[PDB]
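Peer 1: My structure is below; once you've seen it, I'll send some questions.
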Amino acid sequence: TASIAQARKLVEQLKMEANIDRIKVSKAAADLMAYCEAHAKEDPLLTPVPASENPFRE
Amino acid sequence: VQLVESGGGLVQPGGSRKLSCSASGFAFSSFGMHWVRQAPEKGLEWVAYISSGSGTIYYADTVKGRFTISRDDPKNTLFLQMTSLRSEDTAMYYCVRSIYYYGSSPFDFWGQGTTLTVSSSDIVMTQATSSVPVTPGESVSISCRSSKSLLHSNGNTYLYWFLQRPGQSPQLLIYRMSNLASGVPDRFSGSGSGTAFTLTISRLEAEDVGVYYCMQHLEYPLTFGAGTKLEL
Amino acid sequence: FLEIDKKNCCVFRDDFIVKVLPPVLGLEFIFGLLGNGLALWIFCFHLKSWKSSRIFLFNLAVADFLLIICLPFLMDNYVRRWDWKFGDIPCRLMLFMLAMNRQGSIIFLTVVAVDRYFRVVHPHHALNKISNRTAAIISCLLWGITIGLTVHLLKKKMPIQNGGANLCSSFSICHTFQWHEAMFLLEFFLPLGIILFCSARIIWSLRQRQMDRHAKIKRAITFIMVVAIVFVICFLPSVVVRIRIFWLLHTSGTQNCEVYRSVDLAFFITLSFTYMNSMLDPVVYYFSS
Amino acid sequence: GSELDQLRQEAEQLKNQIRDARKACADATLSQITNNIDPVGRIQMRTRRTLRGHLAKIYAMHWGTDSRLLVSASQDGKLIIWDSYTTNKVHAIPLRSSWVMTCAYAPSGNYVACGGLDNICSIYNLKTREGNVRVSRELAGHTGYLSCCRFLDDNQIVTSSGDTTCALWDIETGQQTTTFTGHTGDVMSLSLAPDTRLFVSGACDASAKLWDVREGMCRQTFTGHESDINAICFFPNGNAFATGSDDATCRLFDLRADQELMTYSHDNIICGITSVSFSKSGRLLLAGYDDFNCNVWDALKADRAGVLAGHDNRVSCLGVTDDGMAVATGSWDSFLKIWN
Amino acid sequence: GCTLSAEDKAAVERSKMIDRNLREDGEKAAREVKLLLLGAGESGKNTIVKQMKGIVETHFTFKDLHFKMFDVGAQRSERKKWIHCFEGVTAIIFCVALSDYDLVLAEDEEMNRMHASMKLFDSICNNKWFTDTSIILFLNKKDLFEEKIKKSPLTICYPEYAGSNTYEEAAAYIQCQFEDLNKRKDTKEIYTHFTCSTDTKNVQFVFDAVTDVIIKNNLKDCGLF
Ligand SMILES: CC(C)(Cc1nc(-c2ccc(O)cn2)no1)C(=O)NC1=C(C(=O)O)CCCC1
């Protein structure tokens with residue numbers, strides 16, 4: 001009964017990963033894109049920071 | 001941690017004397033050592049610097065060629081050697097440890113120093129006030145000034161504030177004019193700009209009375225101010 | 001034929017120098033220049049290894065590339081039958097670049113052997129793991145001896161002018177001991193002994209331990225004998241002729257120099273075998289290994 | 001028998017049901033939404049600093065919180081704490097086990113953690129009174145090699161091992177307060193959420209799992225790679241993560257709609273990924289391949305925007321600062337390099 | 001120099017001292033020999049380990065040379081994920097006890113222990129990280145092999161073999177069927193040695209093999225190769 005007990009534990013896990021809510025893919029893509037747009041100024045590597053304000057200047 | 005220092009006493013003006021501190025309870029071989037001198041009922045003055053690895057040595061302009069510092073890492077013992085002692089060498093001497101790397105807190109632990117008596121350009125820092133009377137429970141402020149700008153180009157401001165309670169050795173209170181040393185309450189603070197700075201205390205307590213001192217560490221020599229006493 | 005330098009000498013500027021030596025030297029020039037130039041190009045841009053044995057070999061290449069660019073002026077000196085028409089200043093530069101870039105070929109040729117004697121006979125020795133910063137201290141402390149021995153031939157009024165037109169030369173028959181002939185004898189006799197000893201023990205240790213069964217451990221033994229075979233060919237002729245020169249000079253004096261007419265013709269032939277060594281080293285040491 | 005057969009069968013149609021449920025929630029693709037926006041230009045980044053001093057292969061680096069210090073680990077038997085501005089050496093720490101695979105830097109700055117191929121995780125104290133760095137804790141209890149470690153706060157740490165388990169540890173307590181089990185193959189990497197509430201882990205069975213620190217439970221399982229998973233990390237927003245694999249592919253996974261977001265792969269690449277990391281705005285994704293050089297792709301358009309080609313061997317580790325000031329790459333040639 | 005404060009110079013000094021200590025530490029690590037040990041289980045791995053004296057380590061010295069043995073028996077993990085950490089070792093030492101063909105492992109009564117050892121040696125010998133790495137093959141527990149072989153010819157595990165069933169021809173055949181597994185034959189050498197549990201040579205053998213590997217490495221460093 002050990003094997004069927006292990007199958008019981010596995011099917012329990014299967015039960016409890018099928019009890020979640022789902023959203024659409026378009027909504028998640030839009031959220032990712034919007035977060036990317038709204039922070040397009042505080043990142044030196046994307047918008048090249050002028051060489052007058054960078055402590056790694058050669 | 002402790003730096004038990006010995007070697008003081010009374011000396012004829014023409015004579016030699018050695019001052020040795022023994023370091024127990026830390027990694028002495030990774031710590032730059034200094035000697036700082038204080039005169040009776042006066043302020044204090046820097047003396048000498050020897051770094052980690054015996055690479056750089058510095059003397060005060062008034063002690064050149066007549067003092068000699070030395071180190072011993074196998075047994076964690078540091079010496080200073082004196083041969084010419086004019087009458088103005090009567091003082092006491094405190095040996096200070098410090099370590100220099102990004103974020104370190106130099107002049108962190110101070111020791112106790114020893115007393116030696118003798119038979120009878122530079123930035124300037126001045127503390128105009130000599131005593132501010134106050135009763136416990138309100139704000140207190142002390143002000144210090146420098147002969148020029150101490151803000152180095154790198155961004156730091158090598159100004160130090162530290163205290164001497166009546167009847168004992170000093171201990172760091174503020175390093176780099178804004179930062180608070182480890183083991184002291186948040187009652188203390190330090191602000192300033194350019195060449196004018198102020199130490200400040202919000203809530204006074206019976207342990208807060210003492211004599212306060214300012215120092216700069218931008219270049220050599222290291223120069224103090226006068227001693228600003230507080231009275232109840 | 002007798003002539004008077006500071007000493008009593010009897011140079012023999014004669015014929016048959018003019019019709020063979022320049023065509024001999026032109027090919028050696030165009031091949032030594034090429035070979036050592038490509039060796040230098042390889043070691044300057046295409047060698048990221050830079051371990052202690054490839055920096056004892058780059059220096060050999062720089063030392064024997066210099067005694068190549070020193071050739072064309074000698075071709076013009078020989079073509080027009082011993083007339084030195086380039087003034088006094090080059091008669092120091094060229095006679096210094098010959099006497100320096102030859103001893104510096106021999107010295108860097110004799111370190112690339114003691115280096116192997118240790119990599120085989122005495123392996124695990126500390127010397128096999130020296131840094132390439134403590135090796136480019138003795139690859140510069142060894143140029144010092146060459147320079148410091150070839151300086152005292154710069155402080156002379158060198159172009160000798162007489163009835164003979166401007167010989168620029170310090171190899172000449174005479175009767176006074178010039179200790180810069182002993183620095184010919186020694187510079188050939190010592191490296192040969194060292195090279196022979198090292199190669200002999202290398203080969204005799206590499207079979208007493210029975211490694212002498214692998215296919216590509218024989219090509220190394222043949223290439224260890226190849227380099228030592230081309231060190232007697234290129235140098236011994238010009239040496240033995242000079243022993244003959246001193247032999248004649250002691251048997252009879254500098255009285256009737258007719259005696260020497262033939263033998264001095266030999267020297268400036270047997271010397272051209274020494275320029276040979278600088279154009280087949282970029283193969284015996286560089287690509288064929 | 002009949003019971004075993006029926007229970008295995010039931011497991012099978014439950015797996016089928018879960019697969020059908022993640023298929024049923026898809027109606028669009030990332031690329032279709034994102035193809036319109038203008039692409040970033042050629043990302044020309046030059047080596048502004050070159051940290052040298054390791055004598056062997058390097059496996060792990062981690063940036064400091066201030067975005068000025070960092071730590072690195074190599075087979076020489078040394079951990080090293082660097083100053084990125086002045087190229088100074090702040091700290092050098094020995095180790096007892098030369099065979100290390102991971103190290104991490106505390107979010108405050110008081111401690112570091114190192115471990116690998118020994119079944120241990122060691123915690124060292126940086127800001128001590130004594131002036132040196134000394135070992136504070138030896139977390140023991142796994143039965144495989146330790147692959148990754150991350151600090152949660154000054155008292156909690158999460159580890160993943162090769163024996164197919166993840167665990168949560170309490171440094172002061174010295175014992176596991178939660179064990180996360182369920183991977184078939186060896187677990188190779190993990191990343192913590194921005195707010196320290198959930199963490200993802202990726203394993204040799206070509207799958208990753210999302211975990212609940214408080215519940216110690218596998219909330220989601222993610223599949224799609226053809227081979228092992230070598231490295232993982234969250235998006236800065238905390239609702240996506242990026243997977244690096246051993247079949248010359250990188251992938252993006254969502255949490256709310258647990259699907260495949262995007263795949264980053266080029267036919268000229270046939271080697272393995274060793275590390276991934278994200279940008280300050282999450283607009284660029286850095287991947288360290290073992291074709292000796294690093295790639296900088298658009299984390300939003302699945303294009304290639306730049307290359308960091310300055311290494312002469314396998315690229316192992318990679319990191320980005322908390323403000324976006326620099327990126328740092330280590331490699332098997334024993335050289336660290338800072339790009340701006 | 002002129003732009004640095006009095007506190008920056010001390011930091012530079014500290015970094016320089018750290019540099020010198022790193023450099024001094026990394027040189028003593030290059031005067032030691034790395035040997036990786038493998039075997040099929042109770043194939044005499046433990047007995048050779050006790051003869052010479054998580055991941056296990058062993059250290060020994062013999063005629064002024066330092067050897068390190070890295071025993072990875074108990075890892076029990078996916079070997080392809082941790083094997084390249086040993087890419088630059090000097091030698092591999094592979095132990096198989098040659099009286100272990102009739103006695104089959106507990107896993108199977110039919111597939112013998114010798115077939116498993118052959119699988120292991122074949123898999124290790126053609127690894128991509130060991131194309132220039134030499135192997136020392138120890139064949140252990142020889143005395144018992146004659147007792148086990150005289151009761152039944154090698155036909156049980158070597159049915160296609162024909163021999164009068166003496167120790168010499170049997171052991172020699174086993175060694176052949178072992179060294180024929182190599183697929184390099186030009187950038188790799190295999191050193192085979194027959195020994196019992198106790199010995200007075202298993203130490204000289206490894207000395208000799210590693211001396212050979214070192215001399216070849218040196219000659220390659222010359223370029224005389
Ligand atoms: C200067 C030299 C080389 C003779 C010489 N060299 C040294 C000397 C001493 C010590 C030492 O370490 C190195 N060199 N002393 O004399 C010389 O006359 N050379 C000539 C030629 C040649 O050499 O190719 C071509 C034709 C013209 C003659």
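Residues in the structure tokens are numbered from 1 in each chain, the chains being A, B, ... in the order shown, and ligands are numbered from 1 in the order shown.
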Once you count only C-alpha atoms and all ligand atoms, which residues end up within 8 Å of ligand 1, and could you hand them over as number ranges by chain?
Peer 2: C: 74, 95-96, 98-100, 102-103, 146, 149-150, 153, 168-172, 178-184, 187, 268, 271-272, 275
Peer 1: Identify every residue of chain E that has at least one atom within 8 Å of any atom of chain B, counting only C-alpha atoms, and report the result as number ranges by chain.
Peer 2: E: 5-8, 10-11, 13-14, 17
Peer 1: Deliver the residues from the most recent selection as a file, using N, CA, C and O atoms, as a CSV table (one decimal), in the first residue's frame.
Peer 2:
```
chain,number,residue,atom,x,y,z
E,5,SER,N,43.4,61.4,-1.2
E,5,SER,CA,43.5,61.9,0.2
E,5,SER,C,44.5,61.1,1.0
E,5,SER,O,45.1,60.1,0.5
E,6,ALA,N,44.6,61.4,2.3
E,6,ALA,CA,45.4,60.6,3.2
E,6,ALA,C,44.8,59.3,3.6
E,6,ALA,O,45.5,58.4,4.0
E,7,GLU,N,43.5,59.2,3.4
E,7,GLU,CA,42.7,57.9,3.7
E,7,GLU,C,42.7,57.0,2.5
E,7,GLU,O,42.6,55.8,2.7
E,8,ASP,N,42.7,57.5,1.3
E,8,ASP,CA,42.8,56.7,0.0
E,8,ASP,C,44.1,56.0,-0.1
E,8,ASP,O,44.1,54.9,-0.6
E,10,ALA,N,46.1,54.8,2.2
E,10,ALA,CA,46.1,53.7,3.1
E,10,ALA,C,45.2,52.5,2.5
E,10,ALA,O,45.6,51.4,2.6
E,11,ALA,N,44.1,52.9,1.8
E,11,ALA,CA,43.3,51.8,1.1
E,11,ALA,C,44.1,51.2,0.0
E,11,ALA,O,44.0,50.0,-0.2
E,13,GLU,N,47.3,50.9,-0.2
E,13,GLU,CA,48.3,50.1,0.5
E,13,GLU,C,47.7,48.8,0.9
E,13,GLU,O,48.3,47.7,0.7
E,14,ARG,N,46.5,48.8,1.5
E,14,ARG,CA,45.9,47.6,1.9
E,14,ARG,C,45.6,46.6,0.8
E,14,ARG,O,45.8,45.4,0.8
E,17,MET,N,48.8,44.9,-0.3
E,17,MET,CA,49.2,43.8,0.5
E,17,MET,C,48.3,42.6,0.3
E,17,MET,O,48.8,41.4,0.3
```
Peer 1: Within 10 Å of residue 15 of chain A, counting only C-alpha atoms, which residues show up once you throw out same-chain ones fewer than 2 positions away? Write them as an MDAnalysis selection string, please.
Peer 2: (chainID A and resid 9:13 17:19) or (chainID D and resid 11 14:15 17:18)
Peer 1: List as an MDAnalysis selection string the protein and nucleic acid residues near residue 190 of chain D, meaning an atom at most 8 Å away when only C-alpha atoms are counted, but skip any in the same chain fewer than 3 places from it.
Peer 2: chainID D and resid 148:149 159:160 199:202 231:233
Peer 1: Mind giving me the straight-line distance from atom CA of residue 78 of chain B to atom CA of residue 116 of chain B in Å, one decimal?
Peer 2: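 Interatomic distance here is 17.2 Å.
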Peer 1: Mind pulling up the distance from atom CA of residue 97 of chain E to atom CA of residue 42 of chain E?
Peer 2: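 Between atom CA of residue 42 of chain E and atom CA of residue 97 of chain E the gap works out to 8.6 Å.
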Peer 1: I need the residues of segment 164-335 of chain D that end up classed as strand (DSSP E) by DSSP on the backbone, written out as a ChimeraX atom specification.
Peer 2: /D:165-170,175-181,187-192,198-203,207-212,218-223,229-234,240-245,250-254,260-264,273-278,284-289,294-298,304-308,315-320,327-331,335
Peer 1: Skipping near chain neighbours, those fewer than 5 positions away, what residues fall within 6 Å of segment 199-215 of chain B using only C-alpha atoms, listed as a list in words?
Peer 2: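 Answer for this query is residues 136, 137, 138, 139, 140, 141, 142, 159, 160, 161, 162, 163, 164, 165, 166, 187, 188, 189, 190, 223, 224, 225, 227, 228, 229 and 230 of chain B.
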Peer 1: Output N, CA and C atoms for every residue in the selection just made, as a PDB file, in the first residue's frame.
Peer 2:
```
ATOM      1  N   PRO B 136      19.790  69.781  32.311  1.00  0.00           N
ATOM      2  CA  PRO B 136      19.308  68.647  31.509  1.00  0.00           C
ATOM      3  C   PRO B 136      17.902  68.865  30.968  1.00  0.00           C
ATOM      4  N   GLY B 137      17.680  68.394  29.743  1.00  0.00           N
ATOM      5  CA  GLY B 137      16.343  68.333  29.188  1.00  0.00           C
ATOM      6  C   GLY B 137      16.076  69.147  27.937  1.00  0.00           C
ATOM      7  N   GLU B 138      17.100  69.769  27.356  1.00  0.00           N
ATOM      8  CA  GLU B 138      16.888  70.586  26.168  1.00  0.00           C
ATOM      9  C   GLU B 138      18.087  70.472  25.239  1.00  0.00           C
ATOM     10  N   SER B 139      17.995  71.178  24.117  1.00  0.00           N
ATOM     11  CA  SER B 139      19.008  71.095  23.076  1.00  0.00           C
ATOM     12  C   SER B 139      20.276  71.843  23.474  1.00  0.00           C
ATOM     13  N   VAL B 140      21.405  71.366  22.952  1.00  0.00           N
ATOM     14  CA  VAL B 140      22.717  71.979  23.139  1.00  0.00           C
ATOM     15  C   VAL B 140      23.431  71.943  21.796  1.00  0.00           C
ATOM     16  N   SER B 141      24.218  72.978  21.503  1.00  0.00           N
ATOM     17  CA  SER B 141      24.921  73.051  20.230  1.00  0.00           C
ATOM     18  C   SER B 141      26.323  73.607  20.426  1.00  0.00           C
ATOM     19  N   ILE B 142      27.287  73.014  19.722  1.00  0.00           N
ATOM     20  CA  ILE B 142      28.674  73.464  19.719  1.00  0.00           C
ATOM     21  C   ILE B 142      29.093  73.654  18.268  1.00  0.00           C
ATOM     22  N   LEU B 159      36.013  65.566   8.760  1.00  0.00           N
ATOM     23  CA  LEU B 159      35.874  66.228  10.049  1.00  0.00           C
ATOM     24  C   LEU B 159      35.354  65.232  11.072  1.00  0.00           C
ATOM     25  N   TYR B 160      35.991  65.206  12.235  1.00  0.00           N
ATOM     26  CA  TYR B 160      35.647  64.299  13.313  1.00  0.00           C
ATOM     27  C   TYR B 160      35.257  65.088  14.555  1.00  0.00           C
ATOM     28  N   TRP B 161      34.252  64.583  15.262  1.00  0.00           N
ATOM     29  CA  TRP B 161      33.813  65.097  16.550  1.00  0.00           C
ATOM     30  C   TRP B 161      34.005  64.000  17.582  1.00  0.00           C
ATOM     31  N   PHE B 162      34.607  64.330  18.720  1.00  0.00           N
ATOM     32  CA  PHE B 162      34.701  63.328  19.773  1.00  0.00           C
ATOM     33  C   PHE B 162      34.859  63.971  21.142  1.00  0.00           C
ATOM     34  N   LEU B 163      34.536  63.181  22.162  1.00  0.00           N
ATOM     35  CA  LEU B 163      34.220  63.669  23.493  1.00  0.00           C
ATOM     36  C   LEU B 163      35.196  63.098  24.508  1.00  0.00           C
ATOM     37  N   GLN B 164      35.409  63.841  25.589  1.00  0.00           N
ATOM     38  CA  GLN B 164      36.175  63.374  26.739  1.00  0.00           C
ATOM     39  C   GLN B 164      35.380  63.698  27.997  1.00  0.00           C
ATOM     40  N   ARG B 165      34.756  62.679  28.589  1.00  0.00           N
ATOM     41  CA  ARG B 165      34.042  62.869  29.838  1.00  0.00           C
ATOM     42  C   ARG B 165      35.033  63.156  30.962  1.00  0.00           C
ATOM     43  N   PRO B 166      34.639  63.961  31.946  1.00  0.00           N
ATOM     44  CA  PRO B 166      35.581  64.354  32.999  1.00  0.00           C
ATOM     45  C   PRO B 166      36.165  63.162  33.735  1.00  0.00           C
ATOM     46  N   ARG B 187      21.114  60.412  20.592  1.00  0.00           N
ATOM     47  CA  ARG B 187      20.952  61.769  21.097  1.00  0.00           C
ATOM     48  C   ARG B 187      21.835  62.755  20.347  1.00  0.00           C
ATOM     49  N   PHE B 188      22.941  62.283  19.781  1.00  0.00           N
ATOM     50  CA  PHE B 188      23.933  63.146  19.161  1.00  0.00           C
ATOM     51  C   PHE B 188      23.701  63.257  17.663  1.00  0.00           C
ATOM     52  N   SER B 189      24.099  64.398  17.102  1.00  0.00           N
ATOM     53  CA  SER B 189      24.061  64.581  15.659  1.00  0.00           C
ATOM     54  C   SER B 189      25.094  65.625  15.269  1.00  0.00           C
ATOM     55  N   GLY B 190      25.414  65.656  13.979  1.00  0.00           N
ATOM     56  CA  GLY B 190      26.386  66.605  13.474  1.00  0.00           C
ATOM     57  C   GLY B 190      26.066  67.090  12.077  1.00  0.00           C
ATOM     58  N   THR B 223      45.049  68.404  12.707  1.00  0.00           N
ATOM     59  CA  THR B 223      44.946  69.594  13.540  1.00  0.00           C
ATOM     60  C   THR B 223      43.601  69.640  14.259  1.00  0.00           C
ATOM     61  N   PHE B 224      43.655  69.913  15.558  1.00  0.00           N
ATOM     62  CA  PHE B 224      42.514  70.002  16.451  1.00  0.00           C
ATOM     63  C   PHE B 224      42.047  71.442  16.612  1.00  0.00           C
ATOM     64  N   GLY B 225      41.128  71.633  17.552  1.00  0.00           N
ATOM     65  CA  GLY B 225      40.725  72.950  17.991  1.00  0.00           C
ATOM     66  C   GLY B 225      40.932  73.104  19.482  1.00  0.00           C
ATOM     67  N   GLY B 227      39.177  73.098  23.519  1.00  0.00           N
ATOM     68  CA  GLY B 227      38.259  72.248  24.250  1.00  0.00           C
ATOM     69  C   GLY B 227      37.041  72.981  24.766  1.00  0.00           C
ATOM     70  N   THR B 228      35.865  72.599  24.274  1.00  0.00           N
ATOM     71  CA  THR B 228      34.606  73.241  24.635  1.00  0.00           C
ATOM     72  C   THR B 228      33.969  72.459  25.777  1.00  0.00           C
ATOM     73  N   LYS B 229      34.035  73.018  26.981  1.00  0.00           N
ATOM     74  CA  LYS B 229      33.486  72.379  28.166  1.00  0.00           C
ATOM     75  C   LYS B 229      31.990  72.646  28.276  1.00  0.00           C
ATOM     76  N   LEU B 230      31.278  71.691  28.866  1.00  0.00           N
ATOM     77  CA  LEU B 230      29.892  71.872  29.268  1.00  0.00           C
ATOM     78  C   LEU B 230      29.791  71.748  30.781  1.00  0.00           C
TER      79      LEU B 230
END
```
Peer 1: Within 7 Å of chain A, which residues of chain D show up? Give each one with its shortest atom-to-atom distance in Å (one decimal) and the two atoms involved, counting only C-alpha atoms, rows by chain then rising residue number, as JSON lines.
Peer 2:
```
{"residue": "D:3", "atom": "CA", "partner": "A:4", "partner_atom": "CA", "distance": 6.7}
{"residue": "D:4", "atom": "CA", "partner": "A:4", "partner_atom": "CA", "distance": 5.2}
{"residue": "D:7", "atom": "CA", "partner": "A:7", "partner_atom": "CA", "distance": 5.8}
{"residue": "D:8", "atom": "CA", "partner": "A:7", "partner_atom": "CA", "distance": 6.1}
{"residue": "D:11", "atom": "CA", "partner": "A:11", "partner_atom": "CA", "distance": 5.1}
{"residue": "D:14", "atom": "CA", "partner": "A:14", "partner_atom": "CA", "distance": 6.0}
{"residue": "D:15", "atom": "CA", "partner": "A:14", "partner_atom": "CA", "distance": 6.9}
{"residue": "D:18", "atom": "CA", "partner": "A:18", "partner_atom": "CA", "distance": 6.0}
{"residue": "D:25", "atom": "CA", "partner": "A:24", "partner_atom": "CA", "distance": 5.9}
{"residue": "D:26", "atom": "CA", "partner": "A:25", "partner_atom": "CA", "distance": 5.7}
{"residue": "D:27", "atom": "CA", "partner": "A:25", "partner_atom": "CA", "distance": 6.4}
{"residue": "D:28", "atom": "CA", "partner": "A:26", "partner_atom": "CA", "distance": 5.4}
{"residue": "D:29", "atom": "CA", "partner": "A:25", "partner_atom": "CA", "distance": 6.7}
{"residue": "D:30", "atom": "CA", "partner": "A:29", "partner_atom": "CA", "distance": 5.6}
{"residue": "D:48", "atom": "CA", "partner": "A:56", "partner_atom": "CA", "distance": 6.3}
{"residue": "D:85", "atom": "CA", "partner": "A:56", "partner_atom": "CA", "distance": 6.1}
{"residue": "D:219", "atom": "CA", "partner": "A:17", "partner_atom": "CA", "distance": 6.1}
{"residue": "D:220", "atom": "CA", "partner": "A:17", "partner_atom": "CA", "distance": 6.6}
{"residue": "D:256", "atom": "CA", "partner": "A:23", "partner_atom": "CA", "distance": 6.1}
{"residue": "D:257", "atom": "CA", "partner": "A:23", "partner_atom": "CA", "distance": 5.2}
{"residue": "D:280", "atom": "CA", "partner": "A:43", "partner_atom": "CA", "distance": 5.6}
{"residue": "D:281", "atom": "CA", "partner": "A:39", "partner_atom": "CA", "distance": 5.5}
{"residue": "D:282", "atom": "CA", "partner": "A:36", "partner_atom": "CA", "distance": 6.3}
{"residue": "D:283", "atom": "CA", "partner": "A:36", "partner_atom": "CA", "distance": 6.2}
{"residue": "D:323", "atom": "CA", "partner": "A:43", "partner_atom": "CA", "distance": 6.8}
{"residue": "D:324", "atom": "CA", "partner": "A:43", "partner_atom": "CA", "distance": 5.1}
{"residue": "D:325", "atom": "CA", "partner": "A:44", "partner_atom": "CA", "distance": 5.7}
{"residue": "D:340", "atom": "CA", "partner": "A:45", "partner_atom": "CA", "distance": 6.6}
```
